[PDB]
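1. Experimental structure and sequence below.
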Amino acid sequence: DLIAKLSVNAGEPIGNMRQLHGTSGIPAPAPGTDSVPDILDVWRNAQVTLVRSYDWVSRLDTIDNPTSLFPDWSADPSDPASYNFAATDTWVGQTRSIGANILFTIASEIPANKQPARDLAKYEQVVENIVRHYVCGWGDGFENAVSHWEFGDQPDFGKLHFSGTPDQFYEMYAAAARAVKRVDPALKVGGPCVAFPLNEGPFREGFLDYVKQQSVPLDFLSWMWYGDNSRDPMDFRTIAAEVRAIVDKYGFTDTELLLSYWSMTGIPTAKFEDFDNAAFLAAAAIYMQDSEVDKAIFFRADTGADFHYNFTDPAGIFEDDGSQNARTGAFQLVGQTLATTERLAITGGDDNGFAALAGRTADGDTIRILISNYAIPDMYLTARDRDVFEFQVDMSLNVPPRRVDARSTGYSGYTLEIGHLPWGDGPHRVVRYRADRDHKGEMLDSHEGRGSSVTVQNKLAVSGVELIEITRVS
């Protein structure tokens, strides 16, 4: 029995906690998409802070399409009646009602249609009034509902998401950026959602070169990463460092890095245990808290019901019927930890999958200590002959060298000493929540005590996630 030894100083912040708990997916029914469960309250309890809109039925299709935001491209682009906002309005309102911001992805109806825009001038006008609808109340719209506007989704994923040329993609990006900034310079615009971020190409170097040479705004560079071929929660930090270096190389030192998709698996035939995945995503969140990632979108916090490809994506962490499990439990405990504002020092975790993170709320009355015990499986600790991952859709991408020395320490439990509780030595409450092979994030036990220090110990086998919550008792 190997027992990890953790210590937290609860009385002094080391710095600000960074709110990286973004996600994508459909949280509740909307007109025309009413078959999905209502899980919006779970997003609220998880303290989701950012929602990518791409998986909604909220596409700006480049041909005529009833479900598109502009369904008839012959219609008057100045008339609100020409726009189809109803379902998107519902999802925007749902997202704002839980206090989350929106990353609105401007994209065609992938995969049914990936053609570029036929009429760039009209495309630009239509993008601008979509923005005005969600930012300036245009056409019975919202005020300041969408802070981030993304153009693109995996243009380098073969021709499966974009069938135009790179030049056509770049001009479309510039039109969208012009329209967003014309509505409100304070809005953030970016792209292109690189699918293969360690691969040179027209949508990495060629995209950065274009926005530089043509002086196009780029508030964030967006990209994706999945753990399919590593199962290593460290990957997101590793990739972000490399992306940061390439973006800086083009002079874009103020541009943020936005992780538009991240998941243990992104291959639609991937197989995994619920509890392994839960521990992975908690460890990944902890590791990327110290990284070049500035904003992150977990893929995907719903049932995986995909109304574009018309299947159930296994990356959807909820059960088909909306019910909960270890993944949804870990998702909530992570978000609650990331919602603290003052990060606290925790010492004794490691970089081989026993990840720990501590923080306290702004009012000082709640300490949260998040612990994931995750083990990279043995078969993923073998170095590859060649650091390229090949998969069927036949495609290939560059992957980082595997961390062959990152085998789990194999802890079976932990003891945790929290000192200097900030409200003093009076009454406090200790509550523990667990997501593992037997639990879905619910509370396991609790007690009340006194003193400015508290010691907590538990068995916590690999593939388990635990949240320790310490509160002042009134």
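-> Noted; the coordinates are in hand. Residues are numbered from 1 along each chain as shown.

2. which element is residue 372 on?
-> Element membership for residue 372, per DSSP states H and E: strand 366-373.

3. quick one: buried residues of that strand?
-> Under the neighbour-count criterion of 16 or more other C-beta atoms under 10 Å, strand 366-373 has 366-373 buried. C-beta: built from backbone N, CA, C; applies to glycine.

4. just how off-centre is that strand within its chain?
-> Mean-position distance between strand 366-373 and its chain equals 19 Å (C-alpha atoms, centre = their mean, to the nearest Å).

5. Name the strands paired with the helix or strand that comes right after it and say parallel or antiparallel.
-> Using DSSP H and E, the helix or strand that follows strand 366-373 towards the C-terminus is strand 388-391. The strands beside strand 388-391 in its sheet (DSSP bridges) come out as strand 395-398 (antiparallel).

6. For the helix or strand that the strand it pairs with is followed by, buried residues please.
-> With elements assigned by DSSP H and E, the helix or strand that comes after strand 395-398 is strand 413-419. For strand 413-419, a neighbour-count test (16+ other C-beta under 10 Å) marks 414, 416-418 as buried.

7. all strands of the stretch 201-350 of the chain, in order?
-> 220-226, 256-263, 295-298, 305-306, 311-312, 342-347 (DSSP state E, counting those that start in this stretch).

8. Out of these, flag the one nearest residue 244.
-> Set against residue 244 and scored by C-beta to C-beta, the strands of the stretch 201-350 of the chain come closest in strand 256-263, at 6.1 Å.

9. was I right about residue 96 contacting residue 145?
-> Yes. With contact defined as C-beta atoms under 8 Å, residue 96 reaches residue 145; the gap is 5.6 Å.

10. which neighbours do these two share?
-> residue 102 (C-beta atoms under 8 Å, 6 or more residues apart in numbering).

11. Determine which residue lies closest to the centroid of the chain.
-> residue 297 (1.5 Å; C-alpha atoms, centre = their mean).

12. so where do the helices sit in this structure?
-> 40-45, 86-97, 120-135, 166-183, 205-213, 235-249, 274-288, 326-338 (DSSP state H).

13. Just want the angle from the third one to helix 86-97.
-> By that I understand helix 120-135. Angle of helix 120-135 versus helix 86-97, following axes from the mean of the first three to the mean of the last three C-alpha atoms, to 10 degrees, is 40 degrees.

14. For helix 120-135, buried residues please.
-> Result for helix 120-135 [16+ other C-beta under 10 Å]: buried residues 123-135.

15. next one: stretch 323-342
-> Buried residues in stretch 323-342, counting neighbours by 16+ other C-beta under 10 Å, are found at 324-340, 342.

16. And for the spatially closest residue to residue 284 that is not a sequence neighbour, the neighbour number?
-> Leaving aside its sequence neighbours, residue 284 sits nearest to residue 233 (C-beta to C-beta, 6 or more residues apart in numbering; 3.7 Å). Counted with other C-beta atoms under 10 Å, the neighbours of residue 233 add up to 27.

17. Quick check: phi and psi at residue 233.
-> phi -70, psi -10 (degrees, to the nearest 10).

18. In contact with it: list those residues for me.
-> Residue 233 sits next to 227, 264, 280-281, 283-284, 286-287, 353, 355, 374 when contact means C-beta under 8 Å, 6+ apart.

19. and these as a markdown table, adding neighbour count?
-> A markdown table is the format used below for those (neighbours: other C-beta atoms under 10 Å):
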| residue | neighbour count |
| --- | --- |
| 227 | 24 |
| 264 | 27 |
| 280 | 27 |
| 281 | 26 |
| 283 | 32 |
| 284 | 27 |
| 286 | 23 |
| 287 | 24 |
| 353 | 27 |
| 355 | 25 |
| 374 | 29 |
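
20. Which one of these is nearest to residue 195?
-> Using C-beta to C-beta, the contacts of residue 233 come closest to residue 195 at residue 227, 14.8 Å.

21. Verify the contact between residue 425 and residue 454 for me.
-> No. The pair residue 425 / residue 454 is not scored as a contact, 10.6 Å apart, by C-beta under 8 Å.

22. higher neighbour count, these two?
-> Neighbour tally, residue 425 and residue 454, criterion other C-beta under 10 Å: the higher count belongs to residue 454, 21 against 11.

23. which residues does that one bridge with?
-> Per DSSP bridges, the residues bridged to residue 454 are residue 418.

24. ok, it to residue 133 distance?
-> Distance, residue 454 to residue 133, using C-beta to C-beta, to the nearest Å: 51 Å.

25. what packs against the longest strand seen in the chain?
-> Longest strand in the chain by number of residues (criterion: DSSP state E): strand 3-16. Where contact means 3 or more C-beta pairs under 8 Å, 6 or more residues apart in numbering; DSSP states H and E, strand 3-16 is packed against strand 342-347, strand 354-360, strand 366-373, strand 413-419.

26. With respect to residue 469, which of those strands lies nearest?
-> Here strand 366-373 is closest among the helices and strands packed on strand 3-16 (C-beta to C-beta), at 5.7 Å.

27. For the closest one, name the packing helices and strands.
-> Strand 366-373 is packed against strand 3-16, helix 274-288, helix 326-338, strand 354-360, strand 413-419, strand 464-472, with contacts defined by 3+ C-beta pairs under 8 Å, 6+ apart.

28. what do you get if the cut-off is 7 Å, keeping everything else the same?
-> Of the remaining helices and strands, those touching strand 366-373 by 3 or more C-beta pairs under 7 Å, 6 or more residues apart in numbering; DSSP states H and E are helix 274-288, helix 326-338, strand 354-360, strand 413-419, strand 464-472.

29. Turn these into CSV, columns for distance to residue 118.
-> Output for the helices and strands packed on strand 366-373, formatted as CSV (distance: least, C-beta to C-beta, whole Å):
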stretch, distance to residue 118
helix 274-288, 40
helix 326-338, 41
strand 354-360, 49
strand 413-419, 60
strand 464-472, 49
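
30. and residue 196, which of these is closest to it?
-> Residue 196 lies closest, by C-beta to C-beta, to one member of these: helix 274-288, at 19.1 Å.

31. Quick one: work out the angle between that closest one and strand 464-472.
-> Using the same axes, to 10 degrees: helix 274-288 against strand 464-472 is 60 degrees.

32. now what about helix 274-288, what contacts it?
-> With C-beta atoms under 7 Å, 6 or more residues apart in numbering as the test, helix 274-288 has contacts from 20, 227, 231, 233-234, 236-237, 262, 264, 296, 298, 325-327, 329-331, 333-334, 338, 353, 355-357, 370, 372-374, 435-437, 463-465.

33. and it, how far out from the chain's middle?
-> Counting by C-alpha atoms, centre = their mean, helix 274-288 comes out at 13 Å from the chain centroid.

34. now swap in stretch 438-449 and tell me
-> Relative to its parent chain, stretch 438-449 has a centroid offset of 27 Å by C-alpha atoms, centre = their mean.

35. that older thread, make a markdown table from the buried residues of strand 413-419 and add distance to residue 78 to it.
-> Compiled in a markdown table, the buried residues of strand 413-419 are given as follows (distance: C-beta to C-beta, whole Å):
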| residue | distance to residue 78 |
| --- | --- |
| 414 | 62 |
| 416 | 61 |
| 417 | 65 |
| 418 | 60 |
